[PDB]
Structures are given as C-alpha cells and as structure tokens.
Amino acid sequence: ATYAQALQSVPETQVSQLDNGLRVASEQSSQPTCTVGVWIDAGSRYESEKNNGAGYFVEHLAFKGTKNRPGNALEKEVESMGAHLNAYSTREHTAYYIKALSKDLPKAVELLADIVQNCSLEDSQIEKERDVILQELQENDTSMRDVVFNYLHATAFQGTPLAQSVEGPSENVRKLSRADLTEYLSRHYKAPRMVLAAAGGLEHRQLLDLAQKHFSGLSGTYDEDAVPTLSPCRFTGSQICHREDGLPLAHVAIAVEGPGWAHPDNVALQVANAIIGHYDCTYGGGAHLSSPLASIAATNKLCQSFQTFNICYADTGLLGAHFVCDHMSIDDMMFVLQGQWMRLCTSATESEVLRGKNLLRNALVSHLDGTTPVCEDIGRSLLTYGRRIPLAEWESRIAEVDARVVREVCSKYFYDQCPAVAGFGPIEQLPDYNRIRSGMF
Amino acid sequence: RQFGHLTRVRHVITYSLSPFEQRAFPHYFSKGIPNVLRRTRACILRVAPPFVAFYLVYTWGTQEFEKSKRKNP
Ligand SMILES: CCCCCCO[C@@H]1O[C@H](CO)[C@@H](O)[C@H](O)[C@H]1O
C-alpha cells in the first residue's frame, strides 16, 4: 500500500465517558500485551507557592500502598503478574500507567483505580519520601540540562505558575504535610480531570465496563468554589545567567513564546524545527548534514550538541533551542542559530521545507511505535485537544505546509520578538541580551 | 582581550529584563533627584573649597588691582 492507504487503516480511537465525567479511550490492536493508564489534568501549573511540589510528592506515594493493598502489597501484585507500573509529572499533566499482558487488563484497571482513589499516604511513608525527594533534588542539580530548562521556565514565565519547577523548592519538600497532600488530591484528582486510556489487544467495550466497575465512585462534582482553572501565563523577554567557570561545558537554552497546544501553527513550527534539526558529536553525517547549523557546527567543531524544541502548554509555550558547547564557542553557536531562524523567516525554500515535512512525517509515525507510546498519545491528546487526532489528519495538516507558510509562521513567532535566555556554566562568552535581541531581526 | 578568556568566575547568577519589558526612565525624578543630592553632598566638601579659594583670590586680587591704580585707594 501507499503511505496514504496505510494512514487510513489505523483503527479509530474509541472514546466513551462515565457519569462522573471520566473519559475512557482506547485503540485496539492485536498485540498480546497492552498499556493502560490514567492521565490527569494536574501539575505544578496548578500549584501555588505554598504547595508547589505537592503533585511530585504524591507521585512518590502513589505506589507505596493503598487502603486495600497496604505497603508493598500493590508492588508484589504488579510484579508477580510480570507487569510494569510507571508514572511521570510535568507542569500540566500527571500519568500513572501499567504495561501488562492483554489478558490481565481487568486487574490492571482495578489496580489503577485503587491507586488513584485509595492511596494510603501513611505518615511514616511521607517522612521517608521527604528524604528521597531531597536527595533527588541534589542529583538533579548535577544535570546541567535539567537545570538550564528549569531556569528557562523560571525566567520566561517569571511571576506565574509556569515559572515553578515540578519538584518544587526544597523548603516546600521539608514542610509539605499530609493535610497539604490530601487537600491537593481532593481538589485535583476528580473524574472530570482524568482520562483512562489503553492501547493494545483489548476491546473498548471491555475497558468501558471495567471503568464503570472500578471508577464509578470517583467524584465528578467537587463543587464550584474549588474548581482549579488555569489563568494565562505571561511570557517575559529576559535572561538568567548562572556563571560557573568550574563546569567543563556551557549549556544554553533560548526560546521565543510559542502558541500553545491547540494552535494549528504548531505543525508549521515543527516543520521549521525539523529543518534546523538536532546534532551531537556522535552523528555520522558530519559536514554533509542537510541542516546548515548541523554541518557548520560539525565541520567547525562549534558544539558537542544542540536540539531545537517546541514545548507546549495550554495557551503558551517555549519555541527555541538548546546547545552544549565549549566556553569559546557560545557566540558563534548563537550567531549561526539565530541566522538560521532569520533565514527561515525570510527565505525558506520549497526543497528544505519538503525535507522538514518528511522528517516530521517519519517522526510522527515512528513515535507511535508500541502500546506505551500509543497509550500516552491517547491520554495526553484527550487532555489537550479533547480528541485523538488521527494520522490522516496530521498528514493533511503537514501537507498544507509549504515555504510560504513556513516563512509566515516563523516570522510570526521569531521575527523581532523578545526571547527568554538561560545559561549555565563557563558562560563569559554568552552574548549580552541586547545583542541577542538584535539577532532576532 | 576577548570574552571567554578574561577571568575566572564561579557561583554568580545575573537576572535581566528585555528593554522592551521595562521603562527607560523608571522613577527618573522621584529617585533621580534624591540620588543627585546624595552624590552632590557627598563630593562638595572635596570639590568646592578650592574653587571658593579661587573665587576669593580672584575678587581680592581684582579689587586690589583697581584700588592700586586710583589716586585715593
Ligand atoms: C491544515 C489543515 C487543517 C484541517 C485538517 C483536517 O484533515 C482531515 O481531518 C479529518 C478528521 O480528523 C480526517 O478524517 C480526514 O481524513 C483529514 O483529511
């Protein structure tokens, strides 16, 4: 078949909803294994300065025992059936998911229901996790990449909830109480804020009945005065430079404000980012890479690596790049990078945009490879778009992009716009903000 | 001399705002004047005296010159 007919053969994702508001979505395949999980509209963007880190603390407690399965009982059950239980928290979403044999879907759904509704939160466990989290904060401090990205959010979204890290400040970790957590939970873990998603060898009808059976008790009301809604987050052209000449390589992240999840412009932006691409010293292409930034960097040894990114949030986002380089290569790297954004705004060619479109097509499909990536796409999509966008639609959106669309969309977000800049390490050579700003036009 | 080879600096964080996000003349007068007064009071004792001396020597010398050329000083 052609790439076109193959697109129309992907089973359509089935979506249902319970009385309490919980959405149930699934994509059936014939895999003897599956992934099922709960995606929640909860994250640090929903936290205030007082409880920032609450969600991450809960993630630490989620698998430590439930009222029905105290202590390591939940753990033993997951392990004995050979399943895998994982979780993650971001500034807007939280997810708990299980990879298991398709025949074990009923127990998998029960366990998730149990986890999301009956978490013990034993005072002694809370004290133990407190120390674990503090140690994780210390470890994260050694990850220059994680530090620079937290810094980018701190400065770009300064004064708003998006400026907050997911883990929260250490003093919050030392002071968060069970009361704080149960409070956070009663407020955010409601059925209308959750999506039960599954992908693999199972039928929607079976998942739906299991959901009715195990999630019906989940609250779908809350009230009116306590319905955590999101306010837009102001973006600020600014710079944060943490100079540390003791570190061997400098990390720099720069971005302009992105449009947010729902905007159609994200497709063209993804095409443009694909044109500039990514790179690191282990890439075999070197001097022949198609991206001018990549080949210049490789032939002139300008950096160890770089990556463009389009981080999306509800109504805003960070569109830009991150690079790692020697202290004497920062200005050159910034010069070439900004020159490439400007070239795309004013002179993107049909041939490079086609390449970008093909890169995006390949990335889209190769990403949805396996029950876990698919299940995550279902969960997240339902939370963000309110629907699963089919591949055939993505193709239509990508197809609509041409050189004209790329120049116009890039001009809209990059041209003469104030960026947010974060630097960490031996950054004496990181350009002054005025010089960076002038580089935007 | 080039950025990247100047000197060694560790543990310093610098925060800045784009010029477009801020005022070019924040509190120009409500603060500008008070600081100018501070800076003025702060140096006048070092700067002014010598010139007051010049002024005196000048007026005395000029008047002395005048008187000296007259019939009855
Ligand atoms: C830039 C183009 C924006 C509109 C693209 C819509 O694209 C359409 O979406 C439908 C529903 O998902 C699909 O069934 C259909 O095959 C697809 O072509």
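Residues numbered from 1 in each chain as written, not as in the entry; some residues may be left out. Chains lettered and ligands numbered in written order. Part of a larger assembly, values for the part shown. Heavy atoms only, no water. Residues with missing side-chain atoms left out of burial classes, pairs and counts.

- The deposited coordinates, according to the entry record, derive from X-ray crystallography at 2.10 Å resolution.

- The name given to chain B in the PDB entry is Ubiquinol-cytochrome C reductase complex ubiquinone-binding protein QP-C, and the organism recorded there is Bos taurus.
- In the PDB, the title recorded for this entry is "Bovine cytochrome bc1 complex with stigmatellin and antimycin".
- Word for word, the UniProt comment on chain B under Subcellular location is "Mitochondrion inner membrane".
- The Sequence similarities comment attached to chain B in UniProt states, word for word, "Belongs to the UQCRQ/QCR8 family." (UniProt positions renumbered as here; feature names shortened; annotations may be inferred.)

- If you check the PDB entry, chain A appears there as Ubiquinol-cytochrome C reductase complex core protein I, mitochondrial from Bos taurus.
- One UniProt comment on chain A, placed under Subcellular location, says "Mitochondrion inner membrane".

## Topic: the site of the ligand
Residue and element names in this part refer to chain A.
Working step 1: Neighbouring the ligand are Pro-390, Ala-392, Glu-393, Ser-396, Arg-397 and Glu-400.
Working step 2: Take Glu-393: an N or O atom from its side chain is 2.5 Å from an oxygen atom of the ligand.
Working step 3: For the ligand, the protein covers 50% of the area, taking 470 Å² as the surface of the free molecule.
Working step 4: When its residues are assigned to classes, the shell around the ligand shows 2 nonpolar, 1 polar and 3 charged. (Near = heavy atom within 4 Å. Polar contact = N/O pair within 3.5 Å; in protein donor to acceptor, adjacent residues only side chain to side chain. Areas by Shrake-Rupley, 256 points an atom, 1.4 Å probe, with all protein chains shown as cover. Nonpolar A, V, L, I, M, F, W, Y, C, P; charged D, E, K, R; others polar.)

## What about the sheet that holds strand β12 (residues 420–425) of chain A?
Working step 1: Taking strand neighbours across the sheet as the criterion, the 7 strands line up as β9(A)-β10(A)-β11(A)-β8(A)-β12(A)-β7(A)-β1(B) in an open arrangement whose pairing is mixed. Since the sheet does not close on itself, it has two edges, and those belong to β9 (278–280) of chain A together with β1 (10–17) of chain B, each with one partner. Neighbouring strand axes in the sheet, compared pairwise and without regard to direction, differ in orientation by 15° on average.
Working step 2: Contacts between helix α10 (residues 265–276) of chain A and the sheet are confined to β9, β10 (305–312) and β11 (317–325) of chain A, with β10(A) contributing the most and set at about 175° to the helix. (Pairing = 2+ DSSP bridges. Helix = DSSP H or I, 4+ residues; strand = E, 2+ residues; numbered from the N terminus. Axes fitted to C-alpha atoms, helices over the stretch in contact; angles between N-to-C directions. Contact = heavy atoms within 4.5 Å.)

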